[PDB]
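Q: Here it is, the structure, as structure tokens.
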Amino acid sequence: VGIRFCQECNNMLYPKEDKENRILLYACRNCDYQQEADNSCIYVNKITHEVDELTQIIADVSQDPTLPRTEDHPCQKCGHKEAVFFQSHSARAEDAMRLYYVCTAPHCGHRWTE
Amino acid sequence: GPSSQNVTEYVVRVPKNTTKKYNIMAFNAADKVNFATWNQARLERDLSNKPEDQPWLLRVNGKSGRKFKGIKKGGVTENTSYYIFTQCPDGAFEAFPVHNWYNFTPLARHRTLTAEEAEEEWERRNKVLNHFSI
Amino acid sequence: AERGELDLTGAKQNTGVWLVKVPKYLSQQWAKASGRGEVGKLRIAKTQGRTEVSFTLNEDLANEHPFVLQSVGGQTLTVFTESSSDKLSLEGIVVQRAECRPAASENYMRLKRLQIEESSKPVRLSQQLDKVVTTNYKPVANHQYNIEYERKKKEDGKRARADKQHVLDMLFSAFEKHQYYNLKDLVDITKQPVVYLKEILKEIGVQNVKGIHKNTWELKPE
Amino acid sequence: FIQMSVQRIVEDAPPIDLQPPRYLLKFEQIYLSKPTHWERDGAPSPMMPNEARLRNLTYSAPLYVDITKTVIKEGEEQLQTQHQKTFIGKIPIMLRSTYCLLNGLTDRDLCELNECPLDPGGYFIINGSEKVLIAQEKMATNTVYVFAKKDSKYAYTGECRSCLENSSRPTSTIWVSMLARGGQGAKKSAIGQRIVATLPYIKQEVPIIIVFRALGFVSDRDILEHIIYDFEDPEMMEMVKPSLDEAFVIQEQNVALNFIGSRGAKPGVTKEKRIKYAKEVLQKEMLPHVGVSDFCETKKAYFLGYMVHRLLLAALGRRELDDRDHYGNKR
Amino acid sequence: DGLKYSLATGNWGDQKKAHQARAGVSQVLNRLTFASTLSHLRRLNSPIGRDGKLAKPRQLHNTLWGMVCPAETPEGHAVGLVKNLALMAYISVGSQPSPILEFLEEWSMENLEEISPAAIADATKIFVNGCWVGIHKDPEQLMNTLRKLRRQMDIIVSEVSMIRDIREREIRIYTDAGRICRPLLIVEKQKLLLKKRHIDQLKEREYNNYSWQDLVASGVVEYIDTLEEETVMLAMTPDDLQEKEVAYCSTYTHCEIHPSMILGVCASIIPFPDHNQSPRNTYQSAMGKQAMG
Ligand SMILES: [Zn+2]
Ligand SMILES: [Zn+2]
């Protein structure tokens with residue numbers, strides 16, 4: 001899944017297979033350096049698009065004045081009543097209109113979806 | 001500790017003129033090159049450019065063994081003057097203005113020659129992908 | 001002992017040296033150092049909580065700046081010296097980088113004023129003038145025309161058509177020097193009029209295109 | 001414009017040298033005068049706007065400049081001349097402007113000149129007629145806007161008009177375009193879409209990796225850091241993966257410069273001429289606003305990386321497309 | 001010859017080549033009536049041709065609010081292509097970015113070359129006139145200092161805009177000419193920056209010599225660009241919102257000086273325009289120009 005970078009020349013490594021070893025080895029055209037592939041995964045594709053919007057949003061977003069704030073919904077981690085509510089506004093967010101809440105307390109870094 | 005307890009005050013002297021120009025040599029942290037390991041270092045103006053405008057070229061253990069090319073800075077004192085402070089036997093600090101800044105970068109390990117032929121070969125590989133319908 | 005070779009004694013020593021950023025106004029004051037060259041004294045104070053480095057200006061130089069330390073991590077800094085003779089030596093390796101920034105010693109009016117003082121003169125701008133400066137002048141003759149007229153009287157380009165044999169000898173000398181001589185070059189050589197010179201050239205030579213047109217006179221093979 | 005821009009345009013002029021004795025001319029201080037009309041006798045009379053309409057006079061102010069002439073005869077002797085207030089031409093003056101006589105005059109003075117205090121002014125007088133310049137809406141220069149068009153073959157196009165203080169007579173536009181995700185060839189689809197970037201004076205679109213190599217940062221990691229600030233997201237790496245595939249071992253900066261030079265609107269038969277043309281086009285025609293000078297090519301690479309980064313965010317859908325209708329975008 | 005020729009021709013190009021000459025630049029002033037003369041002097045021309053029927057340029061837009069009068073548009077084959085700027089809205093002359101840049105470098109600005117690529121993600125980018133001069137670790141600290149300096153007017157003119165896109169992680173400051181900025185009253189936690197004491201001083205200009213620039217120097221009113229307006233919260237009525245109620249926001253950054261101010265001179269002459277149909281107001285804007293006076 002992650003890119004592999006050549007230690008010797010800092011260039012991308014392309015996996016190659018040798019029958020005797022039976023282990024995937026990353027190969028560099030520029031240099032002879034080779035290393036085993038623990039992942040052994042050549043390619044990965046996800047059509048799920050299930051990435052959480054909470055990871056995409058950040059704690060600093062709550063500080064914005066324009067965003068509306070609800071005292072009714074408290075922050076679970078620090079028990080702070082004030083919290084900010086906004087739509088996801090992200091790719092593939094048409095299916096879900098779920099509200100996203102970020103704690104307005106500074107440095108709390110707590111984000112939850114309601 | 002003892003260093004914190006000790007307080008040292010040293011006079012600073014700036015020479016109006018310096019006989020030898022002071023320049024900065026920079027080595028990449030990732031390269032981790034060691035001055036002690038090098039058998040010798042030779043510094044000359046870059047052959048490809050062939051004065052001060054030409055970048056310094058550093059060869060370590062011969063040009064083939066290692067190549068470093070200095071990167072000239074268009075303005076070194078233009079944003080602010082830079083002064084080199086040197087420890088002295090009296091201990092009074094001496095400040096020297098930096099005439100030029102050079103950053104030395106290691107040459108790519110693979111090296112070799114590309115030229116027009118390499119560009120054509122890469123185009124041919126792209127054409128081979130284009131030729132196949134699938 | 002070679003100009004091409006770089007001395008590595010400083011690199012082996014790994015002597016500690018400091019790279020310090022100094023403001024241009026402070027640098028100008030430092031450049032005009034008192035006497036032979038003294039700018040003041042530097043006081044170093046170290047405490048468990050923090051380390052403070054400060055420099056005090058000389059009273060004569062004036063007639064305390066805190067230093068902001070900059071991390072050297074992620075870079076390696078060394079000092080190399082180029083002599084007037086081009087001899088190369090290494091002073092040492094920089095251990096710390098610092099910036100001289102005044103704290104609470106400059107007013108907002110100052111520093112902003114200091115930039116104006118550095119500029120010295122405001123940028124030039126269009127200036128409106130009452131009335132109009134005279135645009136009409138009355139010279140008897142143009143200066144360039146008179147300079148040419150004096151030159152024409154002083155020097156006459158060519159002379160008369162005389163001593164054709166002497167001119168022929170000069171043409172032979174040019175032909176000996178080079179197989180083909182440009183007609184304009186020959187006109188500079190001989191004072192014979194271009195038309196008379198062409199007739200003498202025709203007798204001893206034939207103009208040749210050389211495949212580039214622009215026929216150039218050359219001596220006849222016959 | 002009259003007080004400062006006219007002076008700046010003459011001040012920002014290269015000296016003209018003709019040679020072999022060389023004569024050098026420099027345009028320095030600009031001098032301006034209150035508008036005057038020349039009679040048949042040749043005696044000047046101050047222009048009056050009401051009178052100008054009656055006689056069909058054009059309201060204009062004389063322009064003067066200081067020219068310094070230095071000539072070298074190749075004998076190591078220089079002759080210096082100081083021409084001052086040399087006539088350049090006449091510039092029409094907008095009514096009620098500080099230069100215009102009507103401004104700075106009391107209402108009683110205006111009544112004597114038969115000029116209404118109520119009249120707004122702000123109109124140039126040409127041939128005794130009233131002409132007022134009309135403001136024109138224009139897209140902002142030195143700004144990056146991303147638009148996705150179905151008609152365009154490229155799925156996403158980003159436009160960055162570039163100029164420094166309108167010094168260039170024609171603004172230069174550089175566009176970074178992401179190819180459509182769908183591929184006619186399955187092999188092309190398997191590698192992925194290629195982000196070819198349009199540049200000024202290029203015969204065909206140049207891939208981002210090739211232009212990045214020409215700027216510098218030959219190492220693949222260096223190109224990647226400008227294109228993506230954070231490598232945490234796999235999908236952005238997958239988008240740039242075909243760009244990495246097209247150029248790998250060919251990291252030579254001069255060869256990349258030759259490749260753009262050969263695929264260019266202007267062709268140089270000698271290899272050095274192609275390199276010179278490619279270097280100059282990258283230095284000035286491409287991203288002039290970031291740096292007029294050759295130095296700061298690394299800053300130009302950072303700005304080019306930002307344009308690619310915005311395109312990657314637009315492909316993700318994380319960043320919404322810019323709107324032409326937005327008034328702030330318009331100038 | 002060139003300057004005179006271009007103004008008379010109405011085409012903005014050199015005499016030798018008419019290919020690059022612009023269309024509709026410089027038009028004869030209308031002297032039919034005093035109101036028509038003012039309307040002609042303040043005019044905006046769309047880059048798109050009148051023949052083009054594309055809906056998006058012709059259609060009125062949300063960002064146009066406070067910068068143009070919707071009622072004052074000429075009817076014809078092209079609709080909304082010609083617009084008149086709002087009376088409050090002022091086109092910015094523009095200022096050099098070099099003095100602001102000196103403040104920015106002093107105020108914790110880090111150059112791109114020294115900064116690592118990872119650091120660029122960590123610290124919000126700063127663009128001045130669309131140029132990536134530097135990045136700042138804290139967006140709010142730089143923004144607060146810039147805005148307070150703008151009220152003083154010592155370093156930055158009120159016309160200059162300071163957009164703060166925290167979500168985009170970019171800070172944009174524009175001193176370029178051609179921006180349109182409208183003065184807006186600044187609102188604090190529950191009160192207008194403007195006070196009754198300022199109004200009484202303004203009423204007597206005989207000795208006080210109070211001026212609009214004096215209010216700008218006070219910082220009670222600040223010019224806001226359309227891009228800044230996107231990041232600026234606005235209050236439709238100051239007294240009602242300031243009084244405790246279920247307001248949309250209690251921290252509006254700015255307040256409109258007046259709703260009627262957005263309307264153009266042709267729109268203002270019509271009585272009770274809101275009661276009248278919106279197309280009828282547009283028709284009267286054309287009638288006012290051709291009215292005989
Ligand atoms: Zn490798
Ligand atoms: Zn919390």
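Every chain in the structure tokens has a letter given in the order shown (A, B, ...), and although residue numbers restart at 1 in each chain, ligands are simply numbered from 1 in the order shown.
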Once you count only C-alpha atoms, which residues of chain D turn out to be within 12 Å of chain B? Could you give them as number ranges by chain?

A: D: 183-191, 194, 210, 216-220, 242, 245-263, 271, 293-297

Q: Write out as a list in words each polymer residue (protein, DNA or RNA) that has an atom no more than 10 Å from ligand 1, with only C-alpha atoms and all ligand atoms counted.

A: residues 5, 6, 7, 8, 9, 10, 11, 12, 13, 27, 28, 29, 30, 31, 32, 33 and 34 of chain A; 109 and 110 of chain B; 249 of chain D

Q: Write the residues of the preceding selection, restricted to N, CA, C and O atoms, as a tab-separated table (two decimals), in the first residue's frame.

A:
chain	number	residue	atom	x	y	z
A	5	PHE	N	10.73	3.41	-0.97
A	5	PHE	CA	11.80	4.32	-1.47
A	5	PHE	C	13.16	3.63	-1.34
A	5	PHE	O	13.46	3.09	-0.25
A	6	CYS	N	13.95	3.66	-2.41
A	6	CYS	CA	15.28	3.00	-2.40
A	6	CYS	C	16.14	3.67	-1.34
A	6	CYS	O	16.23	4.91	-1.35
A	7	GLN	N	16.75	2.89	-0.45
A	7	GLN	CA	17.68	3.49	0.55
A	7	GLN	C	18.90	4.04	-0.19
A	7	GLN	O	19.35	5.15	0.15
A	8	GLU	N	19.41	3.28	-1.17
A	8	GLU	CA	20.65	3.69	-1.89
A	8	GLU	C	20.46	4.97	-2.70
A	8	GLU	O	21.34	5.85	-2.62
A	9	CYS	N	19.36	5.10	-3.45
A	9	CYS	CA	19.25	6.27	-4.37
A	9	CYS	C	17.96	7.09	-4.19
A	9	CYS	O	17.74	8.00	-5.01
A	10	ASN	N	17.14	6.79	-3.18
A	10	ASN	CA	15.89	7.55	-2.91
A	10	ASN	C	14.98	7.56	-4.15
A	10	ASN	O	14.44	8.64	-4.46
A	11	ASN	N	14.82	6.41	-4.82
A	11	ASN	CA	13.91	6.31	-5.99
A	11	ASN	C	12.88	5.21	-5.72
A	11	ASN	O	13.17	4.34	-4.89
A	12	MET	N	11.73	5.24	-6.39
A	12	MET	CA	10.65	4.25	-6.10
A	12	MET	C	11.13	2.83	-6.42
A	12	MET	O	11.84	2.66	-7.43
A	13	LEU	N	10.74	1.85	-5.60
A	13	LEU	CA	11.14	0.43	-5.80
A	13	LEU	C	9.96	-0.35	-6.40
A	13	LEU	O	8.84	-0.19	-5.89
A	27	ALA	N	12.57	-4.06	-6.29
A	27	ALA	CA	13.71	-3.96	-7.23
A	27	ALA	C	13.86	-2.52	-7.74
A	27	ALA	O	12.83	-1.90	-8.06
A	28	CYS	N	15.10	-2.04	-7.83
A	28	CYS	CA	15.35	-0.67	-8.37
A	28	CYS	C	16.07	-0.83	-9.71
A	28	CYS	O	17.02	-1.62	-9.79
A	29	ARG	N	15.58	-0.16	-10.76
A	29	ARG	CA	16.29	-0.20	-12.07
A	29	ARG	C	17.66	0.46	-11.92
A	29	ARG	O	18.64	-0.08	-12.48
A	30	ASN	N	17.73	1.58	-11.20
A	30	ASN	CA	19.00	2.35	-11.05
A	30	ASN	C	20.06	1.56	-10.29
A	30	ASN	O	21.24	1.62	-10.70
A	31	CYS	N	19.69	0.85	-9.22
A	31	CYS	CA	20.72	0.17	-8.37
A	31	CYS	C	20.32	-1.28	-8.07
A	31	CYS	O	19.13	-1.59	-8.17
A	32	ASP	N	21.29	-2.11	-7.67
A	32	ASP	CA	21.01	-3.56	-7.47
A	32	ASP	C	20.41	-3.84	-6.08
A	32	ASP	O	20.14	-5.02	-5.79
A	33	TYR	N	20.23	-2.81	-5.24
A	33	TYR	CA	19.74	-3.03	-3.86
A	33	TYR	C	18.36	-3.70	-3.89
A	33	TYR	O	17.49	-3.24	-4.67
A	34	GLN	N	18.16	-4.73	-3.07
A	34	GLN	CA	16.85	-5.45	-3.01
A	34	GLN	C	16.47	-5.67	-1.55
A	34	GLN	O	17.38	-5.88	-0.73
B	109	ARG	N	23.99	8.85	-7.40
B	109	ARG	CA	24.89	7.67	-7.40
B	109	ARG	C	24.87	6.97	-8.77
B	109	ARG	O	25.96	6.55	-9.22
B	110	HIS	N	23.70	6.84	-9.40
B	110	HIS	CA	23.61	6.09	-10.68
B	110	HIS	C	24.45	6.77	-11.77
B	110	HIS	O	25.11	6.03	-12.53
D	249	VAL	N	14.55	7.18	-14.69
D	249	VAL	CA	16.04	7.31	-14.74
D	249	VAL	C	16.44	8.65	-15.37
D	249	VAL	O	17.54	9.13	-15.05

Q: Find the residues in chain A near chain E: any atom within 9 Å counts, using only C-alpha atoms. Write them as an mmCIF file with N, CA, C and O atoms, in the first residue's frame.

A:
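Once everything was written out, this is part_24.cif:
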data_model
loop_
_atom_site.group_PDB
_atom_site.id
_atom_site.type_symbol
_atom_site.label_atom_id
_atom_site.label_comp_id
_atom_site.auth_asym_id
_atom_site.auth_seq_id
_atom_site.Cartn_x
_atom_site.Cartn_y
_atom_site.Cartn_z
ATOM 1 N N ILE A 57 -11.784 16.524 9.288
ATOM 2 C CA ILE A 57 -11.998 17.816 10.012
ATOM 3 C C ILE A 57 -10.938 17.969 11.110
ATOM 4 O O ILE A 57 -10.352 16.945 11.508
ATOM 5 N N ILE A 58 -10.689 19.203 11.564
ATOM 6 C CA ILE A 58 -9.603 19.448 12.562
ATOM 7 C C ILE A 58 -10.156 20.249 13.746
ATOM 8 O O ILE A 58 -11.248 20.828 13.606
ATOM 9 N N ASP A 60 -9.083 23.041 15.014
ATOM 10 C CA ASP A 60 -9.061 24.507 14.749
ATOM 11 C C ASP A 60 -10.355 24.955 14.055
ATOM 12 O O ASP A 60 -10.688 26.148 14.165
ATOM 13 N N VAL A 61 -11.047 24.046 13.364
ATOM 14 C CA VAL A 61 -12.297 24.395 12.618
ATOM 15 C C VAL A 61 -13.332 24.944 13.609
ATOM 16 O O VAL A 61 -14.041 25.900 13.243
ATOM 17 N N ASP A 64 -13.681 28.827 14.330
ATOM 18 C CA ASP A 64 -14.268 29.784 13.351
ATOM 19 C C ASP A 64 -15.539 30.410 13.937
ATOM 20 O O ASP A 64 -16.433 29.655 14.364
ATOM 21 N N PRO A 65 -15.664 31.760 13.943
ATOM 22 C CA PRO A 65 -16.858 32.447 14.459
ATOM 23 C C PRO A 65 -18.145 32.189 13.660
ATOM 24 O O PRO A 65 -19.184 32.049 14.277
ATOM 25 N N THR A 66 -18.046 32.125 12.328
ATOM 26 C CA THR A 66 -19.255 31.974 11.472
ATOM 27 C C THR A 66 -19.981 30.663 11.800
ATOM 28 O O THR A 66 -21.228 30.667 11.769
ATOM 29 N N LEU A 67 -19.236 29.591 12.092
ATOM 30 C CA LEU A 67 -19.878 28.275 12.350
ATOM 31 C C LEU A 67 -20.828 28.401 13.545
ATOM 32 O O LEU A 67 -20.417 28.973 14.575
ATOM 33 N N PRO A 68 -22.068 27.874 13.453
ATOM 34 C CA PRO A 68 -23.022 27.924 14.566
ATOM 35 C C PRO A 68 -22.625 27.001 15.729
ATOM 36 O O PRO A 68 -22.019 25.976 15.479
#

Q: Rank A:22, A:69, A:16, A:46 by their smallest atom-to-atom distance to chain D, using only C-alpha atoms, and report the top residue only.

A: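 That would be A:46, the residue with the smallest distance to chain D.
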
Q: Pull the closest atom pair for each residue of chain E that gets at most 6 Å from chain D, along with the distance in Å to one decimal, counting only C-alpha atoms, ordering rows by chain and then ascending residue number, as CSV.

A:
residue,atom,partner,partner_atom,distance
E:25,CA,D:134,CA,5.2
E:26,CA,D:133,CA,3.7
E:27,CA,D:131,CA,5.6
E:28,CA,D:131,CA,4.4
E:29,CA,D:130,CA,5.7
E:44,CA,D:135,CA,5.1
E:45,CA,D:136,CA,4.8
E:46,CA,D:137,CA,5.4
E:47,CA,D:137,CA,5.9
E:63,CA,D:327,CA,5.6
E:64,CA,D:327,CA,6.0
E:117,CA,D:229,CA,5.3
E:118,CA,D:229,CA,6.0
E:121,CA,D:229,CA,5.9
E:130,CA,D:142,CA,5.1
E:178,CA,D:331,CA,4.9
E:179,CA,D:331,CA,5.6
E:226,CA,D:328,CA,4.8
E:227,CA,D:328,CA,4.9

Q: Mind dumping the selected residues with N, CA and C atoms as a PDB file, in the first residue's frame?

A:
ATOM      1  N   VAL E  25     -14.308  50.827 -24.206  1.00  0.00           N
ATOM      2  CA  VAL E  25     -13.479  51.707 -23.326  1.00  0.00           C
ATOM      3  C   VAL E  25     -13.670  53.156 -23.783  1.00  0.00           C
ATOM      4  N   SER E  26     -13.791  54.104 -22.847  1.00  0.00           N
ATOM      5  CA  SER E  26     -13.933  55.552 -23.170  1.00  0.00           C
ATOM      6  C   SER E  26     -15.177  55.831 -24.024  1.00  0.00           C
ATOM      7  N   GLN E  27     -16.238  56.355 -23.405  1.00  0.00           N
ATOM      8  CA  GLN E  27     -17.495  56.652 -24.143  1.00  0.00           C
ATOM      9  C   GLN E  27     -17.889  58.108 -23.888  1.00  0.00           C
ATOM     10  N   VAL E  28     -18.569  58.738 -24.852  1.00  0.00           N
ATOM     11  CA  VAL E  28     -18.952  60.175 -24.709  1.00  0.00           C
ATOM     12  C   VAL E  28     -19.910  60.323 -23.525  1.00  0.00           C
ATOM     13  N   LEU E  29     -19.710  61.360 -22.706  1.00  0.00           N
ATOM     14  CA  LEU E  29     -20.569  61.580 -21.511  1.00  0.00           C
ATOM     15  C   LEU E  29     -21.990  61.939 -21.960  1.00  0.00           C
ATOM     16  N   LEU E  44     -19.745  50.171 -15.299  1.00  0.00           N
ATOM     17  CA  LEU E  44     -18.869  48.969 -15.386  1.00  0.00           C
ATOM     18  C   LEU E  44     -19.222  48.192 -16.658  1.00  0.00           C
ATOM     19  N   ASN E  45     -18.213  47.745 -17.412  1.00  0.00           N
ATOM     20  CA  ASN E  45     -18.463  47.021 -18.689  1.00  0.00           C
ATOM     21  C   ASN E  45     -17.995  45.569 -18.562  1.00  0.00           C
ATOM     22  N   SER E  46     -18.875  44.613 -18.873  1.00  0.00           N
ATOM     23  CA  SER E  46     -18.514  43.172 -18.808  1.00  0.00           C
ATOM     24  C   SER E  46     -17.507  42.828 -19.910  1.00  0.00           C
ATOM     25  N   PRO E  47     -16.521  41.935 -19.665  1.00  0.00           N
ATOM     26  CA  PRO E  47     -15.594  41.502 -20.713  1.00  0.00           C
ATOM     27  C   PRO E  47     -16.340  40.746 -21.825  1.00  0.00           C
ATOM     28  N   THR E  63     -22.380  37.405  -4.240  1.00  0.00           N
ATOM     29  CA  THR E  63     -21.196  38.229  -3.856  1.00  0.00           C
ATOM     30  C   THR E  63     -21.372  39.677  -4.332  1.00  0.00           C
ATOM     31  N   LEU E  64     -22.227  39.905  -5.333  1.00  0.00           N
ATOM     32  CA  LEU E  64     -22.452  41.268  -5.889  1.00  0.00           C
ATOM     33  C   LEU E  64     -23.057  42.179  -4.816  1.00  0.00           C
ATOM     34  N   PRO E 117       8.987  20.625   3.771  1.00  0.00           N
ATOM     35  CA  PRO E 117       7.660  20.374   3.193  1.00  0.00           C
ATOM     36  C   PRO E 117       6.637  19.976   4.270  1.00  0.00           C
ATOM     37  N   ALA E 118       7.053  19.180   5.261  1.00  0.00           N
ATOM     38  CA  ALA E 118       6.147  18.801   6.371  1.00  0.00           C
ATOM     39  C   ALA E 118       5.729  20.064   7.132  1.00  0.00           C
ATOM     40  N   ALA E 121       2.720  21.982   5.609  1.00  0.00           N
ATOM     41  CA  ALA E 121       1.389  21.475   6.027  1.00  0.00           C
ATOM     42  C   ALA E 121       1.070  21.965   7.443  1.00  0.00           C
ATOM     43  N   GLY E 130      -1.274  37.117  -4.404  1.00  0.00           N
ATOM     44  CA  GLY E 130      -1.079  35.781  -5.001  1.00  0.00           C
ATOM     45  C   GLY E 130       0.388  35.413  -5.139  1.00  0.00           C
ATOM     46  N   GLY E 178      -7.815  47.603  -8.269  1.00  0.00           N
ATOM     47  CA  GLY E 178      -8.974  47.011  -8.967  1.00  0.00           C
ATOM     48  C   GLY E 178      -9.894  46.248  -8.033  1.00  0.00           C
ATOM     49  N   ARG E 179      -9.493  46.057  -6.774  1.00  0.00           N
ATOM     50  CA  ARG E 179     -10.412  45.424  -5.791  1.00  0.00           C
ATOM     51  C   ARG E 179     -11.522  46.428  -5.471  1.00  0.00           C
ATOM     52  N   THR E 226     -14.611  41.978  -1.314  1.00  0.00           N
ATOM     53  CA  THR E 226     -15.610  40.887  -1.475  1.00  0.00           C
ATOM     54  C   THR E 226     -15.028  39.565  -0.963  1.00  0.00           C
ATOM     55  N   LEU E 227     -13.751  39.295  -1.250  1.00  0.00           N
ATOM     56  CA  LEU E 227     -13.094  38.060  -0.746  1.00  0.00           C
ATOM     57  C   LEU E 227     -13.057  38.097   0.785  1.00  0.00           C
TER      58      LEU E 227
END

Q: Return the neighbours of chain E among the residues of chain C, cut-off 10 Å, counting only C-alpha atoms, as a PyMOL selection string.

A: chain C and resi 74+101+108-109+112+115
